[PDB]
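J.: Here is the sequence, then the experimental structure:
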Amino acid sequence: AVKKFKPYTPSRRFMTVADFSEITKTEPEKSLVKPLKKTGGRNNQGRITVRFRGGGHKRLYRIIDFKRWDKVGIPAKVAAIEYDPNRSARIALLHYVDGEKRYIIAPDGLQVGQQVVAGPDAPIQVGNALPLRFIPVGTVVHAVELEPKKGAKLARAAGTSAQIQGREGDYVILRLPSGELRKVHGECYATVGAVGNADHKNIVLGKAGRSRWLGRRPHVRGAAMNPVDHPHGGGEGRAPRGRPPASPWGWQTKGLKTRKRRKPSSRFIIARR
Amino acid sequence: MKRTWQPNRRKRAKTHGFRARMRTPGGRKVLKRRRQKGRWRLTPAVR
RNA sequence: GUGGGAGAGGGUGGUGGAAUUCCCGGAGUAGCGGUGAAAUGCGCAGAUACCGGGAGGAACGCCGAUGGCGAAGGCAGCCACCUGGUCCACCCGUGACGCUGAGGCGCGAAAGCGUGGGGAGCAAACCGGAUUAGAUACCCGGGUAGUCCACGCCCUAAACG
RNA sequence: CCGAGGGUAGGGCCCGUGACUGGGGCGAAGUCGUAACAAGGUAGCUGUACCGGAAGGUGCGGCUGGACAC
RNA sequence: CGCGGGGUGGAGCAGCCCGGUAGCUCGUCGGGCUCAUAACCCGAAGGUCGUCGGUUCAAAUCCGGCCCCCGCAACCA
RNA sequence: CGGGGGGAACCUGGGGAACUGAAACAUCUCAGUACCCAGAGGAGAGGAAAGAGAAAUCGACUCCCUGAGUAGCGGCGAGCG
RNA sequence: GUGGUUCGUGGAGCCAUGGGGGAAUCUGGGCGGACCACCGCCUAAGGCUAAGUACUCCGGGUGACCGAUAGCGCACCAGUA
RNA sequence: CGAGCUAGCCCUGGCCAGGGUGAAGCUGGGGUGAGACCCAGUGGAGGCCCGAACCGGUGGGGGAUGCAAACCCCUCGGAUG
RNA sequence: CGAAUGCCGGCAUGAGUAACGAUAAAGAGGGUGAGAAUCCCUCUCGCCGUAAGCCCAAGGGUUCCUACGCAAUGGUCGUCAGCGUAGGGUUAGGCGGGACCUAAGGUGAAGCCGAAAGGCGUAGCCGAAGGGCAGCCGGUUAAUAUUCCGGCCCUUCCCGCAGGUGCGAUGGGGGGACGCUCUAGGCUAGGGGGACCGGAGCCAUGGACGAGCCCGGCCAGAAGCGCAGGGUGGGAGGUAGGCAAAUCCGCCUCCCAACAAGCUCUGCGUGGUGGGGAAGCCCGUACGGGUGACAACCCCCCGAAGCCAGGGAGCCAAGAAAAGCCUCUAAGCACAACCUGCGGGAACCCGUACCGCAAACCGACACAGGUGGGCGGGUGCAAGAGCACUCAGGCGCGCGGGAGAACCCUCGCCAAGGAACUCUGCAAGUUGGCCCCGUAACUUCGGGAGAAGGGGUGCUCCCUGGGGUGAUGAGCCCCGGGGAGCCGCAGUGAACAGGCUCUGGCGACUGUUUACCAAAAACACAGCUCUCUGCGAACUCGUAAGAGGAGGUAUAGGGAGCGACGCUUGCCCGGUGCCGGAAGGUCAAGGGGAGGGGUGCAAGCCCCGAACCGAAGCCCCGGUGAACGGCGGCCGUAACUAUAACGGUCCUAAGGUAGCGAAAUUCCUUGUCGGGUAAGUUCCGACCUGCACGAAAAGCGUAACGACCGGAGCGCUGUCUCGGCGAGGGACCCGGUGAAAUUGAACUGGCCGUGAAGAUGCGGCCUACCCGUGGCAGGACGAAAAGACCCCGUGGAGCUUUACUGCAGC
RNA sequence: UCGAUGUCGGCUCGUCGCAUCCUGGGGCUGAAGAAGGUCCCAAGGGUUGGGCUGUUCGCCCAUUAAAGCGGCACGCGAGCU
Ligand SMILES: [Mg+2]
Ligand SMILES: [Mg+2]
Ligand SMILES: [Mg+2]
Ligand SMILES: [Mg+2]
Ligand SMILES: [Mg+2]
Ligand SMILES: [Mg+2]
Ligand SMILES: [Mg+2]
Ligand SMILES: [Mg+2]
Ligand SMILES: [Mg+2]
Ligand SMILES: [Mg+2]
Ligand SMILES: [Mg+2]
Ligand SMILES: [Mg+2]
Ligand SMILES: [Mg+2]
Ligand SMILES: [Mg+2]
Ligand SMILES: [Mg+2]
Ligand SMILES: [Mg+2]
Ligand SMILES: [Mg+2]
Ligand SMILES: [Mg+2]
Ligand SMILES: [Mg+2]
Ligand SMILES: [Mg+2]
Ligand SMILES: [Mg+2]
Ligand SMILES: [Mg+2]
Ligand SMILES: [Mg+2]
Ligand SMILES: [Mg+2]
Ligand SMILES: [Mg+2]
Ligand SMILES: [Mg+2]
Ligand SMILES: [Mg+2]
Ligand SMILES: [Mg+2]
Ligand SMILES: [Mg+2]
Ligand SMILES: [Mg+2]
Ligand SMILES: [Mg+2]
Ligand SMILES: [Mg+2]
Ligand SMILES: [Mg+2]
Ligand SMILES: [Mg+2]
Ligand SMILES: [Mg+2]
Ligand SMILES: [Mg+2]
Ligand SMILES: [Mg+2]
Ligand SMILES: [Mg+2]
Ligand SMILES: [Mg+2]
Ligand SMILES: [Mg+2]
Ligand SMILES: [Mg+2]
Ligand SMILES: [Mg+2]
Ligand SMILES: [Mg+2]
Ligand SMILES: [Mg+2]
Ligand SMILES: [Mg+2]
Ligand SMILES: [Mg+2]
Ligand SMILES: [Mg+2]
Ligand SMILES: [Mg+2]
Ligand SMILES: [Mg+2]
Ligand SMILES: [Mg+2]
Ligand SMILES: [Mg+2]
Ligand SMILES: [Mg+2]
Ligand SMILES: [Mg+2]
Ligand SMILES: [Mg+2]
Ligand SMILES: [Mg+2]
Ligand SMILES: [Mg+2]
Ligand SMILES: [Mg+2]
Ligand SMILES: [Mg+2]
Ligand SMILES: [Mg+2]
Ligand SMILES: [Mg+2]
Ligand SMILES: [Mg+2]
Ligand SMILES: [Mg+2]
Ligand SMILES: [Mg+2]
Ligand SMILES: [Mg+2]
Ligand SMILES: [Mg+2]
Ligand SMILES: [Mg+2]
Ligand SMILES: [Mg+2]
Ligand SMILES: [Mg+2]
Ligand SMILES: [Mg+2]
Ligand SMILES: [Mg+2]
Ligand SMILES: [Mg+2]
Ligand SMILES: [Mg+2]
Ligand SMILES: [Mg+2]
Ligand SMILES: [Mg+2]
Ligand SMILES: [Mg+2]
Ligand SMILES: [Mg+2]
Ligand SMILES: [Mg+2]
Ligand SMILES: [Mg+2]
Ligand SMILES: [Mg+2]
Ligand SMILES: [Mg+2]
Ligand SMILES: [Mg+2]
Ligand SMILES: [Mg+2]
Ligand SMILES: [Mg+2]
Ligand SMILES: [Mg+2]
Ligand SMILES: [Mg+2]
Ligand SMILES: [Mg+2]
Ligand SMILES: [Mg+2]
Ligand SMILES: [Mg+2]
Ligand SMILES: [Mg+2]
Ligand SMILES: [Mg+2]
Ligand SMILES: [Mg+2]
Ligand SMILES: [Mg+2]
Ligand SMILES: [Mg+2]
Ligand SMILES: [Mg+2]
Ligand SMILES: [Mg+2]
Ligand SMILES: [Mg+2]
Ligand SMILES: [Mg+2]
Ligand SMILES: [Mg+2]
Ligand SMILES: [Mg+2]
Ligand SMILES: [Mg+2]
Ligand SMILES: [Mg+2]
Ligand SMILES: [Mg+2]
Ligand SMILES: [Mg+2]
Ligand SMILES: [Mg+2]
Ligand SMILES: [Mg+2]
Ligand SMILES: [Mg+2]
Ligand SMILES: [Mg+2]
Ligand SMILES: [Mg+2]
Ligand SMILES: [Mg+2]
Ligand SMILES: [Mg+2]
Ligand SMILES: [Mg+2]
Ligand SMILES: [Mg+2]
Ligand SMILES: [Mg+2]
Ligand SMILES: [Mg+2]
Ligand SMILES: [Mg+2]
Ligand SMILES: [Mg+2]
Ligand SMILES: [Mg+2]
Ligand SMILES: [Mg+2]
Ligand SMILES: [Mg+2]
Ligand SMILES: [Mg+2]
Ligand SMILES: [Mg+2]
Ligand SMILES: [Mg+2]
Ligand SMILES: [Mg+2]
Ligand SMILES: [Mg+2]
Ligand SMILES: [Mg+2]
Ligand SMILES: [Mg+2]
Ligand SMILES: [Mg+2]
Ligand SMILES: [Mg+2]
Ligand SMILES: [Mg+2]
Ligand SMILES: [Mg+2]
Ligand SMILES: [Mg+2]
Ligand SMILES: [Mg+2]
Ligand SMILES: [Mg+2]
Ligand SMILES: [Mg+2]
Ligand SMILES: [Mg+2]
Ligand SMILES: [Mg+2]
Ligand SMILES: [Mg+2]
Ligand SMILES: [Mg+2]
Ligand SMILES: [Mg+2]
Ligand SMILES: [Mg+2]
Ligand SMILES: [Mg+2]
Ligand SMILES: [Mg+2]
Ligand SMILES: [Mg+2]
Ligand SMILES: [Mg+2]
Ligand SMILES: [Mg+2]
Ligand SMILES: [Mg+2]
Ligand SMILES: [Mg+2]
Ligand SMILES: [Mg+2]
Ligand SMILES: [Mg+2]
Ligand SMILES: [Mg+2]
Ligand SMILES: [Mg+2]
Ligand SMILES: [Mg+2]
Ligand SMILES: [Mg+2]
Ligand SMILES: [Mg+2]
Ligand SMILES: [Mg+2]
Ligand SMILES: [Mg+2]
Ligand SMILES: [Mg+2]
Ligand SMILES: [Mg+2]
Ligand SMILES: [Mg+2]
Ligand SMILES: [Mg+2]
Ligand SMILES: [Mg+2]
Ligand SMILES: [Mg+2]
């Protein structure tokens, strides 16, 4: 867990690296990779629409399987566990017995020797995937479809998960990583277990450059600009915010709630305290 | 010290070229103007 | 050695019910809290009291003792796994192989510390109400850390027989 | 060659001393309060933690060297 | 020099704006409870309102001069 | 069979500023101007009354003169008309 | 809700129409400046239509137009160097 | 009309003499009840060190109708990020 | 026209003045010619040599070669040239690109969107310094050559013959196909040496006829073979996956090899063959040609960063695509087709001169600037692409000759002193490489460290150790050890190499910045906190479609502040912001029609219109501080005095906690005291009276780090006392060429006055023959810039907000 | 004087005034002497080095015969900082 370093430089002092011993394979499965954009944070207009992105290691995109149900009931063996550098978590390689190979987000505890299956059939066991309706209540689970057949949007990040708090009608109540309580349709596939590589959160970048490697460019504060640039710009040397703190585009950035009021999605949410 | 003119033959025809001018309505009126003026060259001549 | 026994001894994983709290539904009205007496607080925006549903955390009533276990600190709902000490009966083996123990090593309540989780009740600090000459207290209404878990430190004590 | 010493340089220990600063001891009749000794008028003491003009207070846990009515 | 606010029983504050009437806490004094003291209880006393003009019938109150006090300001140079 | 693209200016349509004026300026003005776009053509537009507007009146449209800087419009201001 | 007209919300009709409602076929319908009556005018929701009009790349004619710093930027190998 | 200067990003290539320091890990030996750990060798990490190329532009002098509309000299910063 | 810093043009002044563009440097002889410092040839001298040499790409576009020229261009001259005229000159199946592939991006049948113009968009297409692809050595021209020629190799297409096979694709699968750092083995490039091989010739000036000196001792090459490496299992059964179908690939099982065994591919070697082939001498060359020669053509050593190459290990930040190629089958055809070998034929377009770190490209210039890839030899110094000298090659920078003043620049040295200089050791000095000894506080245990401070350093002889290569040997090459001696002032003998310590502030650190007056204490930064965001996310761009976010999903993403780490981060929710609140108040359009009005004879048509229902917003109720923010006044009091733990009272939403404090903050201020100094407005340590510190516009500390800013010491010095001398490049003189701002005109003195108040120009007096050269700056309110400061203008622009008004957005 | 009269201080170079800091010459003295005080004449010359601060001033150290005050665009930036 979380390799450290003696301080033979500054910043090798506090730097901290993942423990990679979970990883059984280095080259990824060539059949299953695609290239990346990458965007520099710019949209089709050439315009930066997300600030302070660029640089960063070249990356191959592992295509990964968020619909488990097209393969219902066909088991598969866990061949390898490897590094996906597009995501916080790790990818498991699955040889199916069709002979089809796919990548899955690797739940915490999944071993590579083992067998996994998806469908209502499906023993309730780490790595298996089921309609939410057939998971026993209280199970912790990840990679959840938000609507049926639409793919897994929820609890995919290293160490995340969700619990089933109960059922009502065609819907079941989940506690998301956020802690929002919301209804998800029972027909939505989820895959039992937590995500893991949960040690992820204790990495300590340790020096500026390591932030660059991840494609994050420097972030300059409103305080450091001039009034043209930012509601916090200007003053003579340093300065409180002088107004309720804002984004460069001018909206308040402390407490102001941005979620649209009237979304139909509101009928299906109960929480987030 | 590096100055502003760094000639490159492809940059010129990709930029001020005749097919450049014809692709954009802005650029067609460039030609239209230069033709109505009697310009001998309607477009940089790059070799 | 062999055959037996008692036990909250320890570590792990589960699990049950009672209660408090919060939320939803129902029903229902004008007060509920609280004290020496009060006030702050809470309540017609529907409180308290009552019934039903749900979430979550902590602690385990009766058994329970003037009891048991551990070297000490300490250890208490129930279940399983792993594991320490210890006593008894037979008189079977080894043959003084013992006792203590400067240093060393380990364990060491509470509180405190670090990184994470968790956070129901309680509650330093803090605010308010009251008392008072004052009241940076004692009583009352709030309330953060903490109390719980994991790993790691700290290593003190009326650590008392 | 070695060599009394001399010189240059960098350490160690010890003594004296120093604006000021920490507490401590002591000092016939100073100021503020009452913490403790009698249920000391909130039993006390206690390791620790936070607070507070001051003694001390409160939290958690511990010790008894505290306990004829309702 | 500037602009704004103030000066009232021993202390600290009201009242002045809107003229007539000076109030609150503390202190002080007389008495009480107590062995005594304080606390506490019952009573009292104590003032021309910085000053000097003016206005009015009447001035702490309005107007002016002076005197103090506090605050703000003194930039480009 | 046809279209496409070009054409000094002129024409119709779609869109459409500001300096400026108002001795400041927002309504207003400049101005439906400048400009951009689309279409025409040798012209274009318009055109044969669900019109005028006070006479029992005129009689499609376009252009000139006049009506007239009138009727009016107008931070009833500048000014527009 | 707006645009057009002289009409800037005005007593604001007329003409046009982005939105909502939504008829009738001569005893129907539009208009004459809110509106009502009366008296008149006119027949919307299809289309085309010469000429009188504008312009000047081009050709001609003519100047109390210039005459090489003028007159077109160019009298000249100029939208050139 | 401009990103042939410059700023960022994207795709694809290239460049960084030489020397110095000596992380983790590995191996052996020690150590222990098993550990922790200790030492040695090995190893060869790093917005590590010195220093060319390359990238800079610290201080000073010179230049100042310049060699130059930002240059020259000396000095100096980075030089596997 | 007389004025507008007017406009266009012409010509003046400055003035024969500055300058003639790197201080790498020249001298002579001969030739040519009307004419020669400047053109050509020779000799001598100097400069570059990780270049200032050579090759390639851009860009440039005939500048290339040659003949004839010198008006102009050339910073002088020109007989020369990149200049004028003319003629010539660029040769490809294999090199580069195109009749190949795809990347970003671009474009775009489908489709989506937008008043119009247009925007987007799957596939496809386009797009290259990336992938794919078959030429090596030499000779030849004045000028091109992997292009022509010679020699030896190879590719594709078409056709044919033969042999083989279920042939066949834009479809399936494999492959292509990948990072960074370190790196093994074997090669090659390149290099050093040889007593061996080959060669004109030399014995100078004292010595040397020598195992002397000087020069050279290679290159390309199919198959075959050799060495070194890369790639890679084979067989069968089953099969539901690879959007049809496969016998292929995937997967499961079984069966042999376990190995490069083999098969295969590449590198190097060798190879039939072909080709080069020095010095020197002669002639004769802008250039090179005879001979040397029938040249030799060999050993050893050093050795890549290059090759074998898809090698190996380690690491985390996790490292293109498509085609060629292989395989699999589908239609379809199985006379076809395809595979293999041989043979014949066919094989297009474009570039190809020349410059190319620069006089030919970008900088108006033959401009000290800028410009990507490759090669870049030798010796010495620890290494090296550093430094000095030097090969090859290339240059002496397109004005010169003299003189030997001031002065300037760049440089050398200095008695004694040693920072006294000065805002400041600014500047210059000192130090300086390697090896060895040694090395503090403090520390985050790495560091601090090159701390500091020292010693060594050459040459000769003797002895001796280990390595790589060979054999285990010599030879050669590498790393050392010990002993005795020699010379000088000095041995990193030249050149390239830190001055050091103490101690504060600020910033943790490396980084970033105002191109061109600021590199910093600013920005960034890892890290901490708040906050929004359930995913068609929030947020951003866009009218929209669409895109970014993200092919991400709360351990994520966005916004904000704070800024490693340590210890910490108090009180106030009155106001403002945000967050919650199903009541209440108010509230627009709309609903509602009480009543009222216009006009009709009237049915009616039309206009007002009270109650009441009626959102968000605001009000109202709460909460909220790593949200905007804000965190008291007067008076009294202790048995010297002083002060005030204590008290009183007024006010507040609450009255600044810890820590720190005359500070990057302190006015008074050079506060007071202490320390450093002979002397300290700075500095360090203290105190607290903090004008006007204070806790994430964070508080207080912190090892390490810094071209940051302060203070002190040592060392050392031309900074200074205080100046002197010397060098060179200028300045001066002569020959050639020859600018500039400025300029009302000038016949342009001093004092005391006067004057619009600072007079060459007016008054008075004084002084004063005409004209220059080199010099200095006191004045011509000198030049330059229609003053940036200041005000004015109902001038402008950027910025702000609880200014007005409006718009997007919500 | 705004179609420009560059500002503190320092350095360099001075020059002048005298209301004289020193030296020279004087009068008075509450001048014994030596040494002072005070006023008068006198502008020939002279008038230190250093610590602090940007300073001018000023304070301080060590001396001195003395450590003079002013003017010259608070002399002097086409002379330097
Ligand atoms: Mg675009
Ligand atoms: Mg970030
Ligand atoms: Mg930032
Ligand atoms: Mg700024
Ligand atoms: Mg703004
Ligand atoms: Mg601000
Ligand atoms: Mg600022
Ligand atoms: Mg400020
Ligand atoms: Mg560059
Ligand atoms: Mg190109
Ligand atoms: Mg032509
Ligand atoms: Mg024992
Ligand atoms: Mg403990
Ligand atoms: Mg505890
Ligand atoms: Mg009490
Ligand atoms: Mg007590
Ligand atoms: Mg007690
Ligand atoms: Mg007591
Ligand atoms: Mg307390
Ligand atoms: Mg100002
Ligand atoms: Mg129109
Ligand atoms: Mg105006
Ligand atoms: Mg005006
Ligand atoms: Mg204006
Ligand atoms: Mg108009
Ligand atoms: Mg129009
Ligand atoms: Mg006609
Ligand atoms: Mg017509
Ligand atoms: Mg006509
Ligand atoms: Mg028509
Ligand atoms: Mg209208
Ligand atoms: Mg109006
Ligand atoms: Mg109207
Ligand atoms: Mg009408
Ligand atoms: Mg009708
Ligand atoms: Mg109508
Ligand atoms: Mg009408
Ligand atoms: Mg009418
Ligand atoms: Mg009509
Ligand atoms: Mg009709
Ligand atoms: Mg004539
Ligand atoms: Mg002429
Ligand atoms: Mg002309
Ligand atoms: Mg003429
Ligand atoms: Mg002309
Ligand atoms: Mg660019
Ligand atoms: Mg760019
Ligand atoms: Mg290296
Ligand atoms: Mg290294
Ligand atoms: Mg480095
Ligand atoms: Mg370096
Ligand atoms: Mg510089
Ligand atoms: Mg300079
Ligand atoms: Mg100068
Ligand atoms: Mg990089
Ligand atoms: Mg005139
Ligand atoms: Mg002028
Ligand atoms: Mg003139
Ligand atoms: Mg002349
Ligand atoms: Mg002259
Ligand atoms: Mg001269
Ligand atoms: Mg000269
Ligand atoms: Mg020259
Ligand atoms: Mg020459
Ligand atoms: Mg060399
Ligand atoms: Mg000539
Ligand atoms: Mg020239
Ligand atoms: Mg050929
Ligand atoms: Mg060929
Ligand atoms: Mg080709
Ligand atoms: Mg073809
Ligand atoms: Mg293509
Ligand atoms: Mg293509
Ligand atoms: Mg497009
Ligand atoms: Mg389109
Ligand atoms: Mg292509
Ligand atoms: Mg290519
Ligand atoms: Mg290529
Ligand atoms: Mg090729
Ligand atoms: Mg050749
Ligand atoms: Mg086949
Ligand atoms: Mg590639
Ligand atoms: Mg070779
Ligand atoms: Mg001889
Ligand atoms: Mg070797
Ligand atoms: Mg590899
Ligand atoms: Mg790495
Ligand atoms: Mg393709
Ligand atoms: Mg068939
Ligand atoms: Mg060629
Ligand atoms: Mg050249
Ligand atoms: Mg260069
Ligand atoms: Mg080059
Ligand atoms: Mg030249
Ligand atoms: Mg040049
Ligand atoms: Mg370069
Ligand atoms: Mg060296
Ligand atoms: Mg040389
Ligand atoms: Mg030569
Ligand atoms: Mg000498
Ligand atoms: Mg000297
Ligand atoms: Mg000295
Ligand atoms: Mg200093
Ligand atoms: Mg210096
Ligand atoms: Mg020390
Ligand atoms: Mg040393
Ligand atoms: Mg020697
Ligand atoms: Mg040396
Ligand atoms: Mg040196
Ligand atoms: Mg050095
Ligand atoms: Mg300081
Ligand atoms: Mg910094
Ligand atoms: Mg660095
Ligand atoms: Mg910055
Ligand atoms: Mg700058
Ligand atoms: Mg600038
Ligand atoms: Mg600039
Ligand atoms: Mg810097
Ligand atoms: Mg932090
Ligand atoms: Mg938008
Ligand atoms: Mg995406
Ligand atoms: Mg900051
Ligand atoms: Mg508040
Ligand atoms: Mg609030
Ligand atoms: Mg509130
Ligand atoms: Mg009614
Ligand atoms: Mg409402
Ligand atoms: Mg705070
Ligand atoms: Mg406090
Ligand atoms: Mg202080
Ligand atoms: Mg001080
Ligand atoms: Mg302050
Ligand atoms: Mg200072
Ligand atoms: Mg201090
Ligand atoms: Mg502060
Ligand atoms: Mg703050
Ligand atoms: Mg500090
Ligand atoms: Mg520090
Ligand atoms: Mg730095
Ligand atoms: Mg720095
Ligand atoms: Mg000197
Ligand atoms: Mg000289
Ligand atoms: Mg004269
Ligand atoms: Mg005068
Ligand atoms: Mg005269
Ligand atoms: Mg002068
Ligand atoms: Mg001037
Ligand atoms: Mg005004
Ligand atoms: Mg204005
Ligand atoms: Mg002026
Ligand atoms: Mg002016
Ligand atoms: Mg001065
Ligand atoms: Mg006198
Ligand atoms: Mg005497
Ligand atoms: Mg004198
Ligand atoms: Mg004098
Ligand atoms: Mg100083
Ligand atoms: Mg002073
Ligand atoms: Mg001057
Ligand atoms: Mg100056
Ligand atoms: Mg001057
Ligand atoms: Mg002057």
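T.: Received, thanks. Residues are numbered from 1 along each chain as shown, chains lettered A, B, ... in the order given. Ligands and ions are numbered 1, 2, ... in the order given.

J.: element containing whichever residue of chain B sits closest to ligand 3, please.
T.: Nearest residue of chain B to ligand 3 (C-beta to the ion) works out as residue B:2 at 31.6 Å. For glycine as for every other residue, the C-beta is placed from the backbone atoms N, C-alpha and C. Residue B:2 belongs to no helix or strand when assigned by DSSP states H and E.

J.: if I pick the single nearest residue of the stretch 51-200 of chain A relative to RNA strand H, what's in contact with it?
T.: Residue of the stretch 51-200 of chain A nearest RNA strand H, by C-beta to the nearest atom of the strand: residue A:54 (2.4 Å). The contact partners of residue A:54, taken as C-beta atoms under 8 Å, 6 or more residues apart in numbering or on different chains, are A:40, A:41, A:215, A:217.

J.: Any chance of a markdown table for the residues you listed, columns distance to residue A:178, neighbour count and secondary structure?
T.: Shown next, in a markdown table, are those (distance: C-beta to C-beta, whole Å; neighbours: other C-beta atoms under 10 Å in any protein chain shown; DSSP: H, G, I helix; E, B strand; the rest coil):
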| residue | distance to residue A:178 | neighbour count | secondary structure |
| --- | --- | --- | --- |
| A:40 | 29 | 14 | coil |
| A:41 | 25 | 15 | coil |
| A:215 | 25 | 17 | coil |
| A:217 | 28 | 15 | coil |
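
J.: Quick check: of these, which lies closest to ligand 6?
T.: Using C-beta to the ion, those come closest to ligand 6 at residue A:217, 24.6 Å.

J.: Do I have it right that the closest one meets residue A:52?
T.: Yes. Between residue A:217 and residue A:52 there is a contact at 4.5 Å, judged by C-beta atoms under 8 Å.

J.: Assign a three-state SS to the residue in the stretch 51-200 of chain A that RNA strand G sits nearest to, would you?
T.: Of the stretch 51-200 of chain A, the residue with the smallest distance to RNA strand G, taken as C-beta to the nearest atom of the strand, is residue A:147 at 31.7 Å. Under DSSP: H, G, I helix; E, B strand; the rest coil, the three-state class of residue A:147 is coil.

J.: which residues touch it?
T.: Shown in contact with residue A:147 (C-beta under 8 Å, 6+ apart): A:185, A:188.

J.: what's the residue lying farthest from the centre of chain A sitting at in phi/psi?
T.: Most distant residue from the mean C-alpha position of chain A: residue A:236, 42.1 Å away (C-alpha atoms, centre = their mean). Dihedral angles of residue A:236 (phi, psi; degrees, to the nearest 10) stand at phi -90, psi 180.

J.: Just want to check the distance between it and residue A:220.
T.: As for residue A:236, its distance to residue A:220 is 19 Å (criterion: C-beta to C-beta, to the nearest Å).

J.: hey, where'd the helices end up in the chain?
T.: Chain wasn't specified; assuming chain A. A:208-213 (DSSP state H).

J.: if you could check chain B rather than the one you did, that'd help
T.: B:9-16, B:18-23, B:25-37.

J.: Just put those in TSV and tack on distance to residue A:128 and mean neighbour count.
T.: Formatted as TSV, the helices of chain B follow (distance: least, C-beta to C-beta, whole Å; neighbours: other C-beta atoms under 10 Å in any protein chain shown):
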stretch	distance to residue A:128	mean neighbour count
helix B:9-16	57	13
helix B:18-23	57	14
helix B:25-37	61	12
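
J.: Isn't residue A:83 up against residue A:22?
T.: No. Using C-beta under 8 Å, residue A:83 is not in contact with residue A:22, being 9.4 Å away.

J.: Quickly list what's touching both of the two.
T.: Common neighbours of residue A:83 and residue A:22 (C-beta under 8 Å, 6+ apart) are residue A:90.

J.: Done for today, thanks.
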